[PDB]
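[1] need coordinates for the below:
(5 chains)
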Amino acid sequence: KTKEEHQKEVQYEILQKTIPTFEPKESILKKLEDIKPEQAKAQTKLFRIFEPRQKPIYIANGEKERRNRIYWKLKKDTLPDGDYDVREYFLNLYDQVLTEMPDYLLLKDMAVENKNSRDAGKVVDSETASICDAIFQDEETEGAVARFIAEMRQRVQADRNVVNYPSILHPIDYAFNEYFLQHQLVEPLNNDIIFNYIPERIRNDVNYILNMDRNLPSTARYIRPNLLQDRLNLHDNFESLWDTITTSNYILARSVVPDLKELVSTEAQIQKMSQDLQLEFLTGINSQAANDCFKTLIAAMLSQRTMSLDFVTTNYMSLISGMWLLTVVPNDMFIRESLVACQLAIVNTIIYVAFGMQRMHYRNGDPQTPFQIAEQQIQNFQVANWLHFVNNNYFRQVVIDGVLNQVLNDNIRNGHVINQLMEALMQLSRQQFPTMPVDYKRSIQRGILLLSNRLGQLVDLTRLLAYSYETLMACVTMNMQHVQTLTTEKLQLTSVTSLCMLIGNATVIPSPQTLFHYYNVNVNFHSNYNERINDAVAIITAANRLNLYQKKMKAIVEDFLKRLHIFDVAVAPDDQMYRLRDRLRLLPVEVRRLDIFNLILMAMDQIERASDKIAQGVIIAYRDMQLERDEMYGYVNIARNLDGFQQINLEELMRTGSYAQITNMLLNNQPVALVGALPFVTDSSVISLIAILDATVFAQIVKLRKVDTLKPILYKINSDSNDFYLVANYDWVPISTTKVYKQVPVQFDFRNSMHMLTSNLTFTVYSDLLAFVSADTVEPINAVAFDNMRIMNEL
Amino acid sequence: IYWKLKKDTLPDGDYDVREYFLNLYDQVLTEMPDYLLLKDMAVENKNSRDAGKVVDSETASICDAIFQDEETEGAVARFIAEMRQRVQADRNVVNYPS
Amino acid sequence: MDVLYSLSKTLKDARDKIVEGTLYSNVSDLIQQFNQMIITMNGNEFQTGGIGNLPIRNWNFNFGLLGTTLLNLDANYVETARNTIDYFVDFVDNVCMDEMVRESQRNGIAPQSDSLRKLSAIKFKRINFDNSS
Amino acid sequence: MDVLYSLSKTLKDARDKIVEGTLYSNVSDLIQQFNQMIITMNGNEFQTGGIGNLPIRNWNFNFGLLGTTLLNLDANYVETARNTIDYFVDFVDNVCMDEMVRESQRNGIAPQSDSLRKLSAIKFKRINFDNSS
Amino acid sequence: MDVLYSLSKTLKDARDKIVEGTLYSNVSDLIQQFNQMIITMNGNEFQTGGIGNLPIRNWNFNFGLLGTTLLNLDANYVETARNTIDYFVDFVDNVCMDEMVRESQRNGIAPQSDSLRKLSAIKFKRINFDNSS
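    Numbers count the residues shown, from 1 in each chain, chains lettered A, B, ... in the order given. Shown next is the protein structure:
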């Protein structure tokens, strides 16, 4: 048998290596309970990309004007070669700004003292104060600017909770900040809102009383947790992931099941059962096993697991208890193997033995369960009716408050089927039971009498289970589908018998604090799942729209799965990963992230033009051109357009590798125009321009069949060049061949850069939403049910 | 670049040629693949500008050799760079280059 | 009954707002509607005709999902959409043609064609994009 | 004047496009517009009539908020939408009837009825919508 | 041809929907299309006229981009949109009135005017919003 067990372990390990779950089934509980809620992150400093600098200008003839004009520049200049790398950096910045997305701004605290204004007013940010000082000390500005900088005033309307501050920023930064301000995620928190946020089924109860004691401040600001339904349909073609999710839910549900108290003495019950069964087996009966079985049963019914049935057929009491088990738990909660095995054993060991009928010849896999055949073959009204009731006992599909749930039938809920089971068993007790030996029949019918003699306690136990299931299921947020899964949970038949024969008169309802703990943990997990799904779909959609084709979606899906804290990436199968990716590709992105991407794509041209370490492209033109004069630089090869020259994308040629076109167009001397993110060498050497150098910076393109090393040259001729005296003292038209596709950096304009911000005065962030409610349970003895009858009616 | 046999252990004599053919058939049948995985045999091509993956390491070596040879034209290089596996998981079918 | 009008509106929108050059952000909702419709209607077989000289034709539905990745619609997307657009236009034309002539003395409001009978079932009610005419 | 047209157009769009089965993406703009209109019109009262035999009626606005996160709207959403759609339809009918029968010698372009005078305030201008008519 | 109608539809929807006090989540697609159009058309030169009494005018697209980050459109944004809208409507009126009076004895379905010939290139085909008329 040991070799057989080794072989079965090998097979089950091969199966298990396709399931993302850690080896011990308890660390999932710790990881789930350690999942912090959606973190509230404010912005200590304003999100700014553009800052002003001081640069000298030149006369059109090429001498310094003595003026110091303010220009614009990036905070960080890290845009590398290649258009693809530029767009990859753009996607990285998109991710950075998505993570850095704030939720609420207290613009009063961010304000700093100002010295420029004579009214000792406030300013929004330290950077604004510094740039204001820079524009204040300098004397190259208008007087009306000074009047405005002296008369700019903040305003605080505390009654309506509105405050404004003046700011100086570039339009992109101001648009970003204003969009963040006006699209806040926080909503007012009223007593009615916090009262209706509590699940309504628990509110309607009478066992619990919900009293509002904490006083909500009139400035209550709370973030509504996301409650969107699942968008992946994790019930078909996702067996492994769904199994992992439902196992995690099973562990979490097992963590919150209350324990039983003061069951009847075990030793006395063992003695009585041994005497009554007339034994010449019954081992493994302890209160610990009963509690574990009860917790397993309730948790499995809650988290929609699948339960396998384990038994030893030599213990007929195991099948007798399994009769009750099948009556209470709907048969659709198990796997087909266990159901057919249990049905065949029960039918061919108790009933058909007692009714003088041939043993049920049967074939595995028929569309009808054996219980149906039993129903349409026995004309004894009691047991036939009971068999029919078990036959058509299935989970009922209902929708409550837009949440899908599976609930039991009403008849079992009030504890009434136990009377039917007891009557059927008592009918079997006095039955003739023909063609069976003496002691076996006597033991069978005496065990049946033993289980029948516990009618009131069984009724109380089953309806207590029903009430606990209702209460626990009330707070479930995510919907539960119903589909068979790979793995199962081992249910001990002996433990089921122990629970059936050892249930006392102890009422046990879930503790209110345990209920709220479970509800908070579940909603936190749901919020994390939804937000990670949203981030993943936004990342993939933005990368696809911006033409980033090398972004392996497998890495993004890997990160998304790993950030769920309940999986293990190193075990997942590739085909299921691809199916999940294809599911994700077709969902519409949430509006905030889409609008952020739209703003990024509308500002990307300006951002790329702003950098001085990158250029759009180069034109050679193979012809003499008069140099175009500019105010920023003395003499530059400025080409603000690509008119009249054919355009070829460098990155396209590089990735495709077809070098014939550019090689011919370079060797045969035809004008062209290369376009691509290329750094350029600044050449402050007029003699270097005289000795033509911008005609050999393309030879390496055909020498080594590569484009990354391509480093064009831009000539910057000014007075400070160590050789500028050639231009001033000699008469010659500035002649060159290579131009650079570049736009002049935007001149600093004050009347449009100035902007006013809008925000609330002050408030506090509330996320817990459970410290403001108290729920004191009634005395455990007097608990009632839906029908206003007491939960346990046996005393 | 032309085609040459990877193995050149064929002895002279037509009878020995037929013997070698019989041995080759026996080797092929003994090394028969029962279930043929295609995700395991995959090395990422360094030259596919669509970040594709190829079937065998030697296939990757051949692709690198062809992609980098200064005497070769650009059409074949672009065809090499255009290689990419397309996966259709809804019908449980994948395509690979070879 | 309204399902037919929703299908007609969906087909008209798909034919008019899906050409080369349109940015995807203009027709994202139409893309979602088309995906939902093609998913729900897939796998179900219909029949038309059966009276007069109106031809009897069968129907099938096995079509792929329209993409949602490219920033701006391209020609391949146009052809892929227009093939299914043509097939569905033919289908709705034959359905309405069959539903016109058939009539009954009682229950005039009640649809008389099996196509409409299965259209108003409990599984097809997920495509009611518009009722505005 | 424009606010009344905005109300009428919003009511038309809501009563048309809110039908069970449609994907939530088709009504995103409708949901936002309707929610803003409801949250802005609440806490207010109006009086209409006061001339001829028209029904002199007082109206109070204290309705609730519709749901926001739903994959597919069930019949509950449609019912709770219609229960206020009909009320708004009756209100617009009363306002238009009270406006039509009034007249004045001076400044006919400007609003005349007291309800229209009150509704011309800037605080209601957030209910403005498209002007395709 | 279709490009001109797409521009006309975009301008008409901009006239209808860009009013003070609206919600941005109702005209997002129109604003996106407008921004794409202004990006594409920027930096081009056009010539219109030649026959009859239609004046010879030169048109250059040099307008700046339009922000989309504000939750409610204000008067400043309204006038900023309106100025460029009026310029565009004058341009499209001029090109239409140029194209209307010209015809050919052969190949009359094809464009004949200079502006329509220029606007039939390959890149400009990336602007085509809707064909609903």
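
[2] what's the residue in chain C positioned nearest to chain E in contact with, if anything?
    Distances between chain C and chain E by CB to the nearest CB are smallest at residue C:21, namely 3.8 Å. All C-beta spots, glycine's among them, are computed from the backbone N, C-alpha and C. Taking CB atoms under 8 Å, 6 or more residues apart in numbering or on different chains, we find residue C:21 in contact with C:72-73, E:3, E:125-128.

[3] hey, where'd the helices end up in the stretch 1-150 of chain A?
    Counting by DSSP state H, counting those that start in this stretch, residue ranges of the helices within the stretch 1-150 of chain A are A:2-16, A:27-33, A:83-99, A:107-110, A:126-137, A:143-151.

[4] right, and the ones you listed - which one's nearest chain B?
    Closest approach to chain B among these (CB to the nearest CB): helix A:83-99, 9.0 Å.

[5] run the contact check for stretch A:169-176 versus chain E.
    Yes. Against chain E, stretch A:169-176 shows contacts by CB under 8 Å from any CB of the partner chain at A:171, A:175-176.

[6] nearest to residue A:393, of those residues?
    Of all the residues of stretch A:169-176 next to chain E, residue A:393 sits closest to residue A:176, with 59.0 Å by CB to CB.

[7] in which helix or strand does the closest one reside?
    helix A:171-182 (DSSP states H and E).

[8] quick one on the thing from earlier: out of the residues of stretch A:169-176 next to chain E, which is most surrounded?
    Among the residues of stretch A:169-176 next to chain E, the one with the most neighbours (other CB atoms under 10 Å in any protein chain shown) is residue A:176, at 22 neighbours.

[9] OK, contacts around residue A:494?
    Contacts of residue A:494 by CB under 8 Å, 6+ apart are A:283-285, A:289, A:315, A:318.

[10] ok, back up a step: taking the contacts of residue C:21 one by one, which sit in helices?
    Using DSSP state H, the members of these that fall within helices are residue E:3.

[11] any of the contacts of residue C:21 buried? List them.
    Among the contacts of residue C:21, the ones that count as buried by 16 or more other CB atoms under 10 Å in any protein chain shown are C:72-73, E:3, E:126-128.

[12] select the longest helix from chain C.
    Under DSSP H, chain C gives helix C:75-101 as its longest helix.

[13] show me how far that one is from its chain's centre.
    7 Å (CA atoms, centre = their mean, to the nearest Å).

[14] and that helix, what's buried?
    Residues of helix C:75-101 classed as buried by neighbour count (16+ other CB under 10 Å): C:77-78, C:80-81, C:84-85, C:88-89, C:91-92, C:94-95, C:98-99.

[15] tell me the secondary structure at the most far-flung residue of chain C relative to its centre.
    Residue farthest from the centre of chain C, counting by CA atoms, centre = their mean, is residue C:105 at 29.3 Å. The local conformation at residue C:105, judged by DSSP: H, G, I helix; E, B strand; the rest coil, is coil.

[16] residues in chain C within reach of chain E, list them.
    With the criterion set to CB under 8 Å from any CB, chain C comes near chain E through C:16-17, C:19-23, C:25-26, C:72.

[17] how about these in CSV, adding secondary structure?
    Rendered in CSV, the data for these read as follows (three-state DSSP):
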residue, secondary structure
C:16, helix
C:17, coil
C:19, coil
C:20, coil
C:21, coil
C:22, coil
C:23, strand
C:25, helix
C:26, helix
C:72, strand
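
[18] chain B: which of those is nearest?
    Among the residues of chain C next to chain E, and counting by CB to the nearest CB, the member closest to chain B is residue C:72, at 19.5 Å.

[19] on that earlier part again, right, is the helix holding residue A:176 up against chain D?
    No. Using CB under 8 Å from any CB, helix A:171-182 stays clear of chain D, coming no nearer than 13.3 Å.

[20] what is that helix packed up against?
    Judged by 3 or more CB pairs under 8 Å, 6 or more residues apart in numbering or on different chains; DSSP states H and E, the packing partners of helix A:171-182 are helix A:591-610, strand A:754-759.

[21] buried residues of that helix, list them for me.
    A:171-181.

[22] how far is stretch A:254-262 from where the chain is centred?
    That offset, for stretch A:254-262, works out to 31 Å (CA atoms, centre = their mean).

[23] measure that stretch end to end?
    Using CA to CA, to the nearest Å, the end-to-end distance of stretch A:254-262 comes out at 21 Å.

[24] how much space between the residue nearest to residue A:486 when sequence neighbours are not counted and residue A:483?
    Spatially, and ignoring its direct neighbours in sequence, residue A:486 is nearest to residue A:243 (4.9 Å; CB to CB, 6 or more residues apart in numbering or on different chains). Residue A:243 sits 10 Å away from residue A:483, taking CB to CB, to the nearest Å as the criterion.

[25] of these two, who's got more company?
    residue A:243 (21 against 13).

[26] what sits against residue A:53?
    A:70-73.

[27] mind telling me what element the residue lying closest to residue A:773 once chain neighbours are set aside is part of?
    Distances taken as CB to CB, 6+ apart put residue A:210 closest to residue A:773, at 6.1 Å, once the chain neighbours are dropped. For residue A:210, the enclosing helix or strand under DSSP H and E is strand A:208-212.

[28] the helix or strand following that strand packs against which elements?
    Next helix or strand after strand A:208-212 toward the C-terminus (DSSP H and E): strand A:220-223. Secondary-structure packing of strand A:220-223 (3+ CB pairs under 8 Å, 6+ apart): strand A:186-188, strand A:764-766.

[29] with just CA atoms, put strand A:220-223 into PDB.
    Extracted in PDB, the C-alpha atoms of strand A:220-223 (Å, rounded to 0.1, in the frame of the first residue of the first chain):
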ATOM      1  CA  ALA A 220     -17.100  64.500   7.300                       C
ATOM      2  CA  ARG A 221     -15.100  63.300   4.300                       C
ATOM      3  CA  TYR A 222     -14.900  59.600   3.400                       C
ATOM      4  CA  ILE A 223     -13.800  57.600   0.400                       C
END
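
[30] near chain B, which residues of chain A?
    Selection of chain A residues close to chain B by CB under 8 Å from any CB yields A:549-550, A:552, A:574-575, A:578-579, A:582, A:654-660, A:705.
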